[PDB]
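Listed below are the residues making up each chain.
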There are 2 protein chains.
Amino acid sequence: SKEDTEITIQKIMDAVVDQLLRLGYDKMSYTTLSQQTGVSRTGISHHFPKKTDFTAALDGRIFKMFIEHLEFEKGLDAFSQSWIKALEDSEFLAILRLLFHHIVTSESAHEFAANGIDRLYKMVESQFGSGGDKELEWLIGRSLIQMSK
Amino acid sequence: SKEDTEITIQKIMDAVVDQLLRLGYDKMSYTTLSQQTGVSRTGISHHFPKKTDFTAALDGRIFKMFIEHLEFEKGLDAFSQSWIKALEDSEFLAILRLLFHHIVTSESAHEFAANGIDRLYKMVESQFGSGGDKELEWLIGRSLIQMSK
């Protein structure tokens, strides 16, 4: 009697990922969820008692599709070039906005993001030696500025 | 009589400036402010019809607390290390959150933040020149990463 429930939690998260991306956590409501998924409000309450509870269960997919946009195999410059280039892509922008929002507002700073950032350091550190952490940090600065527009 | 309508705006402004950092923007509400002030939530909303009016209202009062934290008089690196050590003070961090939060959120909340950055930028440049642009950009980078820490 547990295969019936997970086939839904999954469908709730496949939606959570969509709305978080095109509406953002802020505008994504238990109602907009209830529409996208044919699941009743109290049916989503069941699995996710609080709204933070969404962002909580969120896992790999996001940061996996993030780093898609990005050049790790051609040295440090190539890679920033790739990231600034990447700043005019809406999905990319969205993905940042997302975790930028999350980091800024969420008390608990959920795992999806901790791993997220820490993964990128590991990558950048690994690929780009000791100049990486900073270059990366800066990229982040430049991005967050650009949203300030 | 039109003085007693000032005294009161200043009682809220004060309250705001406080609550804006003891609780963050998000959790601060007409209630909490009312509670802190002995002014009705209608009395407040009177002067400040929209919550984004509260941040518009400051006009610099925060930025002057902010800069008490930074070293402008000892070279660029000195200033930059001032900013890093400052991230460990929570008022300091609270001010950046408030900003970054405005960068990330609503259309309404937006002109305050677009405006604060240009202010940082102009701050740094007039102290240290265009060498300072990139240092600032890197500093926000770190700053935001620090907020997940």
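Residues numbered from 1 in each chain as written, not as in the entry; some residues may be left out. Chains lettered and ligands numbered in written order. Heavy atoms only, no water. Residues with missing side-chain atoms left out of burial classes, pairs and counts.

For this coordinate set, the PDB header names X-ray crystallography as the determination method and states a resolution of 3.20 Å.

A word on the overall build of chain A
How we decide: In DSSP terms, a helix is any run of H or I states spanning at least four residues, a strand is any run of E spanning at least two, and both are numbered starting from the N terminus.
Of regular secondary structure, chain A possesses ten helices and zero strands. In sequence order, chain A lays out its α and β elements as α-α-α-α-α-α-α-α-α-α. The dimensions of chain A, computed from C-alpha atoms along their principal axes, are 50 × 35 × 25 Å.

Observations concerning the UniProt feature "DNA-binding region" (unreviewed entry) in chain A
As a reminder, the rule being used: UniProt positions are given in the numbering used here, feature names are shortened, and annotations may be inferred rather than shown by experiment.
When the UniProt feature table is mapped to this numbering, "DNA-binding region" (unreviewed entry) covers residues 29–48 of chain A. Helix makes up 70% of residues 29–48 of chain A and strand makes up 0%, while its end C-alpha atoms are separated by 12 Å.

Structural notes on the packing of helix α8 (residues 90–105) of chain A against helix α8 (residues 90–104) of chain B
To keep it simple, the criterion reads: Orientation is described by lines fitted to C-alpha atoms, with helices fitted over the stretch in contact, and by angles between N-to-C directions that extend from 0 to 180 degrees. Under this scheme an angle from 65 to 115 degrees is roughly perpendicular, one under 35 degrees roughly parallel, and one over 145 degrees roughly antiparallel; angles in between are oblique. The handedness criterion is simple: a crossing whose near helix is rotated anticlockwise from the far helix by less than a right angle is left-handed, and one whose near helix is rotated clockwise is right-handed. Contacts are assigned to residue pairs that have any heavy atoms within 4.5 Å of one another. Under the scheme applied, nonpolar residues are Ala, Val, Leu, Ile, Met, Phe, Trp, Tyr, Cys and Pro; charged residues are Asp, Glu, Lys and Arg; polar residues are all the others, including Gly.
Taken N-terminus to C-terminus, the directions of α8 of chain A and α8 of chain B make an angle of 150 degrees; their axes are 9 Å apart at the nearest point. It follows that α8 of chain A is roughly antiparallel to α8 of chain B by the angle criterion. Every pair of crossing elements has a handedness; the one defined by α8 of chain A and α8 of chain B is left-handed. Together, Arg-97, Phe-100, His-101, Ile-103, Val-104 and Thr-105 of chain A of α8 of chain A and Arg-97, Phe-100, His-101, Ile-103 and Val-104 of chain B of α8 of chain B make up the contact between the two elements. Taken together, the residues of the contact of α8 of chain A with α8 of chain B break down into six nonpolar, three polar and two charged.

Observations regarding helix α9 (residues 111–128) of chain A
Worth spelling out the cut-off: Helix span is expected to be 1.5 Å times the residue number reduced by one. Each residue is assigned to one of three classes by its accessible area relative to the maximum for its type, calculated with a 1.4 Å probe on protein chains only: buried under 20%, partly exposed between the two thresholds, exposed over 50%. Throughout, the arc means that of the directions going from the helix axis to the C-beta atoms.
When the terminal C-alpha atoms of α9 of chain A are compared, their 25 Å separation across 18 residues agrees well with the 26 Å that a helix rising 1.5 Å per residue should span. Among the residues making up α9 of chain A, those that are buried are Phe-112, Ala-113, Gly-116, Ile-117, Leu-120, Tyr-121, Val-124 and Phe-128 of chain A. For α9 of chain A, the angular spread of buried residues about the axis comes to 165 degrees, placing them on one side. Of the residues in α9 of chain A, the exposed ones pointing more than 90 degrees away from the buried face are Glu-111, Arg-119 and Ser-126 of chain A. Buried residues along α9 of chain A sit against α5 (52–57), α6 (61–66), α7 (75–86), α8 and α10 (132–146) of chain A together with α10 (131–148) of chain B. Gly-129 of chain A occupies a position one or two residues after α9 of chain A and carries a positive phi of about 50 degrees.

Some details on the pattern of salt bridges
Going by this rule: Any carboxyl oxygen of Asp or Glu that lies within 4 Å of a side-chain nitrogen of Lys or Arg is treated as forming a salt bridge with it.
All chains considered together, the criterion is met by six salt bridges over all chains. Here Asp-18 of chain A ties to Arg-22 of chain A by a salt bridge, and the two come within 3.2 Å at their closest N and O atoms. Placement of the pair is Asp-18 of chain A and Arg-22 of chain A together in helix α1 (residues 3–22), with a separation of four residues, close to one helical turn. What you see here is one network of salt bridges that share partners, running through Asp-118, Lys-122 and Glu-125 of chain B.

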